[PDB]
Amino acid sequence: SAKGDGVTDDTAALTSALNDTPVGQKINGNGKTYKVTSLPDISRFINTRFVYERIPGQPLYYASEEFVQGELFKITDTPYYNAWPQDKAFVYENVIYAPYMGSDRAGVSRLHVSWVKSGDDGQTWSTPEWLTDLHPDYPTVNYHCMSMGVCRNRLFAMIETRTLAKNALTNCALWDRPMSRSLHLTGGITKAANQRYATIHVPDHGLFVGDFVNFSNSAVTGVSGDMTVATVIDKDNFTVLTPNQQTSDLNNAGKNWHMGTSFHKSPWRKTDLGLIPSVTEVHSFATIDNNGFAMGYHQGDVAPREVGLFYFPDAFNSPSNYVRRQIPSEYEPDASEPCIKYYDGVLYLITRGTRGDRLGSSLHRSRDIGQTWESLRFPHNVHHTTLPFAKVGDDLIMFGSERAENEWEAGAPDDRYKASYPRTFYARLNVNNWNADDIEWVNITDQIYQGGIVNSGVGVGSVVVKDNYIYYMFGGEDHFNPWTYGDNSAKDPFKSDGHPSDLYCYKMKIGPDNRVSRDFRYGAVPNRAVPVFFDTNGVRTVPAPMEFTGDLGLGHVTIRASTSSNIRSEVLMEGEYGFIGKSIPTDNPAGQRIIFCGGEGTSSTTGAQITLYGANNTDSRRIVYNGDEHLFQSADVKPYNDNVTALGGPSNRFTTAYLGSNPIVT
């Protein structure tokens, strides 16, 4: 009989337990931890944790179902290489944002900084949105982002420019943009008599001149509908220009009204920071207060290695000013990509370890935004994974993932070029006790590493808390080879199964849920990406505007009435010029031509026709113009060249010519 104390070997007791248990009946471990010399059939346990040393001296923990209140979700399913949520996730006004990079490789080729969002606490996720376009100088360089967050109602992001060839950092820019909001306000709008401007009082609006603002029911004439910020007075007040003026002062004190902001309608503010000295990557984001934030960084190109943060004390007035702070030099070797968060006046920082044979991930806290630090190192050379985290009560809750199976432990070699099932872990650390000696890494889910290339999209995620749940957004692969070694060295995502990397989210309960469940089974046709409705005629209909940028082959085509009170069908051609041409036919090239007709059929009885004959046609490059009237308006009918071509011929005579004078013969 098992003791469940986390020290006594219960392997034998649990083996007998399973043998006495009906085939496919579950053993309840009662929330206890059981020491084992081998992991048993974990699927036949509930409410059970195992402690096991795969490598002697390195105990790790393994959760059966129901031991933690949690669940894994798959959140993207796209042919791009979708990975690196690190470390960009945030929650804004009830919506969970999972930003990432969708590329074709571990590099910036075909890369768009992207996000998916959840509007239902993680149950379902949105169609991916591209946040960046391809760099103007693609394919020499392209964008990259591992640091993104919100400060005073604006999205802030460190948008890097990196080379395709080498992934070398060339530029850093701070990009920011107001977040979309709906506000229900009382008073705060004033408009002086006999002039057109109105002043809008909105505390911490976070808007700049030119940003979008929408007004409804303002009760101040002219302050209405889609508008823009004309001036900024201070952080709580701005003005707008109205189209009109009144002979009396206007004020809406005590009246309820609506505003009115937009991410989509407002431009990015882009602040070029140039080539920042001694930076390899900017990574992670911690909002400090109403004026600024910190971003993590490391330098791992030359000795000595740097790990720390950039603090932007006033990102609104001074986006180009930041303060570089480093962690103690003892912890900087063999470290990268710090995760940073700020709670109750304390800045916490956790490093990634570069290798399993050297001291790895370490934790740091600061009460002066990185000037001084208290530090500790995690045992057993934690490496290859970032450790995104949040603080809940006295605990830091951190998540990490090995990139391929059995790489987590100190001294464990990289195991690539073969399919495996990498373990994802979480751990708690009490901040009062400040001691990681006995930290317990709990394996809560396993991912797939594909093995077709050396690189892994598994892990390197990001963590957020919303209400009583914590969310770890991270990469995982599947068994579909990208055929980089094979027929797709070009890494085209749209061939075969594209790239196996996609995003996942582990949702874990971290406090009481005092409501009845919101959970549902998704049984709908997904109808947001390409919204389809069977029309009254039984034909699939897409009412959304769409862009098809890949090569298209179409069958029979009808252009419906669409434009100018639906009077006309319309096709517009872009570029410097448009070209409508005719392929060389397969079976009868001698028939190559296009018939243009003002009527419904190929018979010229249905309307006027012009037929352009191809060079392959029996009648090479012929043109036949066939109407019951040929009317040449606004210009002379001329030959292109001088004294080269004729009007008519001996076998094609015009009956006569109707003229206002004799011909001019020279």
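So that there is no doubt, residue numbering starts at 1 and follows the sequence shown.
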**Request:** Compare the mean C-alpha B-factor of 129 to 137 with that of 368 to 376 as given in the PDB entry, and name the stretch with the higher value.
**Result:** 368 to 376
**Request:** Compare the mean C-alpha B-factor of 426 to 434 with that of 563 to 571 as given in the PDB entry, and name the stretch with the higher value.
**Result:** 426 to 434
**Request:** Identify, among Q195, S224, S462, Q592, the residue whose C-alpha carries the highest B-factor in the deposited PDB entry.
**Result:** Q195
**Prompt:** Between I75, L554, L207, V302, which carries the biggest CA temperature factor in the record?
**Reply:** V302
**Prompt:** If you rank every modelled residue in this chain by C-alpha B factor, which third holds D121: lowest, middle or highest?
**Reply:** lowest
**Request:** Please rank the C-alpha B-factors of the chain's modelled residues and tell me whether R355 sits in the lowest, middle or highest third.
**Result:** highest
**Complete:** On the chain's distribution of Cα B-factors, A412 falls within the third called highest
**Fill in**
So, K466's CA B-factor, relative to its chain, sits in which third? The middle
**Complete:** Entry-reported C-alpha B-factor of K418 relative to its chain, by third, is highest
